Structures are given as structure tokens and as C-alpha cells.
Amino acid sequence: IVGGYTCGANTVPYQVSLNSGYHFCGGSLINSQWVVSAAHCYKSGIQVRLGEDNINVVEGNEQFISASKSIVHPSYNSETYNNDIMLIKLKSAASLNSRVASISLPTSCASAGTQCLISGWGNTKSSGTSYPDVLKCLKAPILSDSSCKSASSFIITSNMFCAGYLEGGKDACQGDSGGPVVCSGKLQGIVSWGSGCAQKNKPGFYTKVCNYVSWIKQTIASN
Ligand SMILES: N=C(N)c1cccc(-c2nocc2C(=O)Nc2ccc(-c3ccccc3S(N)(=O)=O)cc2)c1
Ligand SMILES: [Ca+2]
């Protein structure tokens, strides 16, 4: 997160860190046994870290749980970044509490102008590199489909939305990938991609979760 604020410990209790010896992506807890993340985050040997604020220090509310299965969406295409969503099942059920909680799936898609909460432990600078230890937060509005398209030298599919600030300065970044975009108490977005971070006319793009609820629900039922 570039140009955001310190969330405060456990204020985003569905925020999850994916660890393979180091933090590499965010995720969202959607029930006691399932995490939703980004397809482009896939890798073997993932450990899901719940209840984190400072990811470098044992603070007392962590739950670390191994992934038992990962399911990348059938149609995830890394040349297009289309369908950038993956489900991770945990080897044991998380103990749910005030600091470790699930986030509701959307029943309907969010609209342009809607203010959303985006969070992660990703890079905090548009130029250079600084990675925070505690969780950062950014409130950003969803931007129109037309301005999203105009502000991108890549192809934008209907399973993407963009959000943030065309002026620049405020955006998610590398390391935030996979993490939540929460709008009116529903998981609407997954940090998917951006051309650099927080640059002029280079807004953040996110996986349109509302499009996937049926697949999410059916896959969980069956695994
Ligand atoms: N600024 C952001 N919102 C953001 C969020 C997460 C990661 C990064 C990021 N931090 O550094 C680089 C990054 C990046 O995402 N680069 C990037 C650019 C384009 C694509 C892409 C988009 C559509 C089709 C194809 C591609 S791709 N993968 O072929 O290039 C993928 C990744 C930035
Ligand atoms: Ca910690």
C-alpha cells in the first residue's frame, strides 16, 4: 500500500498473510477452512497466517495453518490475468474470534464511486522499495469501466475492476496481491495487478469477486 495508513492491530480480522518462508501474498478468510486469494499468487508449500499485525514478530494472536489444497480457477490465464482467483483450503479449521474472522462474499457487484477498504503488507513507495511490518490500509473508490480502460496499456476484461486515484499517490502495490478489497462489508475485490504503483494514470486493478460466487460456493461444497 502506497499512501495509506496503519490499520491498527487486528482491525481487518479477515486479512491473511501467505508465507513460504517469507510473506509473499495476502488472502481473505471466507470461512473457518477456506481462504480466497489471487491465482497469480499460486505456489506450493503455502502457510496461511491468521491474526497477524506485525508479520515479523510473534504478537500473541496468530494462527499459522498449512494449506492442504489449492485450487486455481479453471480459466486463469496469466497472459491476460483474466480470472485471477484461487481458493486455498486449510489443513485444520481456524478458531474464529474477534481477531480472526470471515468476510462475506458479495451478493451483488459494487458500483463505481463506492468506497472500499484495501489492505496488505505490500511495498509502500511508488519510487523505490519499503516494506512495512504491520498491516496497512487504504480507502479507495471504484473507478468507472471507461476511465479504467483509458488508463491502461493492457486489455481489461469484465472480471476486473480498477480503483484508486488517477492523480496517483494512493494505490496497492507488490506484496498486497491476493489481499481483500472490501466494500460495504463484502469481499468485492482481490488485489490483482498494476503498472508500477501509485503512478499517474496507472490505477490498481482487482478481480471482480461478485462474478465468482457460484464457483466459490460450489468448489467449497465439493472439497
Ligand atoms: N499498483 C497496483 N495496484 C499493484 C498491485 C499489485 C502488484 C503490483 C505490481 N508491482 O510491481 C509490478 C506489479 C504488477 O502488477 N505488474 C503487472 C502489470 C501488468 C500485468 C498484466 C496485466 C494484464 C495482462 C497481462 C499482464 S502481464 N502479467 O502479462 O504483464 C501483470 C502485472 C501493482
Ligand atoms: Ca505477528
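A chain's residues are numbered here from 1, following its sequence as written, a convention that may not match the entry; residues for which no coordinates exist are omitted. Each chain gets a letter, beginning with A, and each ligand a number, beginning with 1, in the order they are written. Think of the side-chain values as coming from all heavy atoms in the structure, minus any hydrogens and water.

- Method of determination, as given in the entry header: X-ray crystallography; reported resolution: 1.800 Å.

- The name given to the protein in the PDB entry is Cationic trypsin, with Bos taurus as the source organism.
- UniProt positions are given in the numbering used here, feature names are shortened, and annotations may be inferred rather than shown by experiment. Its UniProt record gives the protein a comment under Subunit, which states: "Interacts with SERPINA1."
- Reading the Sequence similarities entry of the UniProt record for the protein gives the comment "Belongs to the peptidase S1 family."

## Some points on the overall build of the protein
- Broken down by element type, the protein carries two helices and 13 strands.
- Both definitions apply: the radius of gyration is a C-alpha atom measure, and the globule rule equals 2.2 Å times residues to the power 0.38. Here the C-alpha atoms of the protein give a radius of gyration of 16 Å, agreeing with the 17 Å that 2.2 N^0.38 yields for 223 residues.
- Oriented by its inertia axes, the alpha-carbon framework of the protein measures out at about 45 × 35 × 30 Å.
- Buried residues are those whose accessible area, probed at 1.4 Å on protein chains only, stays under 20% of the maximum for their type, while exposed residues exceed 50% and partly exposed ones sit between those limits. By the burial criterion, 54% of the 223 residues in the protein qualify as buried.
- Using a 1.4 Å probe, accessible areas were evaluated by the Shrake-Rupley method; residue-level cover was limited to the displayed protein chains. Carbon and sulfur atoms make up 47% of the accessible area of the protein, which totals about 9,500 Å².
- Measuring between centres, the 16 positive side-chain charges of the protein sit 6 Å from its 11 negative side-chain charges. Secondary structure elements follow DSSP: runs of H or I no shorter than four residues count as helices, runs of E no shorter than two count as strands, and numbering proceeds from the N terminus. The sign given to each residue is positive for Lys and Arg and negative for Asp and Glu; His and the chain ends receive no count. Working definition for charges: the position is that of NZ of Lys, CZ of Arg, CG of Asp or CD of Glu.

## Remarks on helix 2 (residues 213–222)
- Burial in helix 2 covers these residues: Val 213, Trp 215, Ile 216, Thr 219 and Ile 220. Along the axis of helix 2, the buried residues cluster in a sector spanning 165 degrees; they form a single face. Of the exposed residues in helix 2, those oriented more than 90 degrees away from the buried face are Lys 217, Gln 218, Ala 221 and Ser 222.
- We call two residues in contact when some of their heavy atoms are within 4.5 Å. Packing partners of the buried residues in helix 2 comprise strand 3 (23–31), strand 4 (34–37), strand 6 (63–72) and strand 7 (86–90). What the arc describes is the spread of directions from the helix axis to the C-beta atoms.

## Examining the site of ligand 1
- Not every one of the 16 residues close to ligand 1 is listed here, only the nearest: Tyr 81, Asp 171, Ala 172, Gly 194 and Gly 196.
- For ligand 1, a nitrogen atom lies 3.1 Å from a polar atom in the backbone of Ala 172.
- Contacts described as polar in this section are N or O atom pairs within 3.5 Å, which, within protein, must combine one atom able to donate a hydrogen with one able to accept it, while residues neighboring in sequence count only if both atoms come from side chains. At 2.9 Å from an oxygen atom of ligand 1 is found a main-chain nitrogen or oxygen belonging to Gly 194.
- When the free accessible area of ligand 1 is taken as 660 Å², the share hidden by the protein chains comes to 76%.
- Three classes are used: nonpolar for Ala, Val, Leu, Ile, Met, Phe, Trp, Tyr, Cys and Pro, charged for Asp, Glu, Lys and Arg, and polar for all others, with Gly counted as polar. Split by residue class, the shell around ligand 1 holds seven nonpolar, seven polar and two charged.
- Note that domain bounds follow an automatic or database assignment of domains. Counting only domains with at least three residues in the shell around ligand 1, you end up with domain 1 (1–12 + 103–210) and domain 2 (13–102 + 211–223). When at least one non-hydrogen atom of a residue lies within 4 Å of a molecule or strand, that residue is treated as near it.

## Brief notes about the sheet that holds strand 8 (residues 115–120)
- The seven strands are arranged 1-9-8-11-12-13-10 in an open sheet whose pairing can be described as antiparallel. At either end of the open sheet lies a strand with only one pairing partner, and these are strand 1 (5–6) and strand 10 (160–163).
- Two strands qualify as a pair provided that DSSP identifies no fewer than 2 bridges between them. Note: strand 1 against strand 9 (residues 136–141), two bridges, orientation antiparallel. Its bridge partner being in strand 9, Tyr 5 is matched across the sheet by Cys 137.

## Description of the side chain of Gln 15
- Mapped onto the elements of the fold, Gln 15 is located in strand 2 (residues 15–19).
- Assessed through its relative accessible area of 2%, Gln 15 is described here as buried.
- At 2.7 Å, the side chain of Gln 15 forms a polar contact with the side chain of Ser 119.
- Residue contacts for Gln 15: discarding those within four places in its chain leaves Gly 26, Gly 27, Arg 49, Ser 119, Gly 120, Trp 121, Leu 135, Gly 179 and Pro 180.

## Concerning the packing of aromatic side chains
- Stacked, tilted and edge-to-face are the three classes assigned to paired rings of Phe, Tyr and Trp, where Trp is represented by its six-membered ring and a pair needs centres within 6.5 Å; plane angles under 30 degrees give stacked, over 60 edge-to-face, the rest tilted. Inspection of the entire model under this criterion finds five aromatic pairs.
- When the ring of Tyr 22 is compared with that of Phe 24, the centres are 6.5 Å apart and the planes differ by 70 degrees; the resulting orientation is edge-to-face.
- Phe 24 sits in the buried class, given a relative accessible area of 14%.
- Plain terms: the ring middles of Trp 193 and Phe 205 are 4.3 Å apart, the flat faces sit at 5 degrees to each other, and that makes the pair stacked. Of this pair, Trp 193 sits in strand 12 (residues 186–193) while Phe 205 sits in strand 13 (residues 204–207), and the two are 12 residues apart along the sequence. For the pair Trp 193 and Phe 205, one class covers both residues: buried.
- Members of the aromatic cluster, each reached through a chain of ring pairs, are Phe 154, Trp 193 and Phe 205.
- One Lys or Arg, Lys 43, reaches over the ring of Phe 24 and ends 4.2 Å from the middle of that ring.
- Counting as a charge over the ring demands two things of the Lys NZ or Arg CZ atom: a distance within 6 Å of the ring centre and an angle within 35 degrees of the ring normal. The ring of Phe 64 has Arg 49 lying over it, and the distance from NZ or CZ to the ring centre is 3.7 Å.

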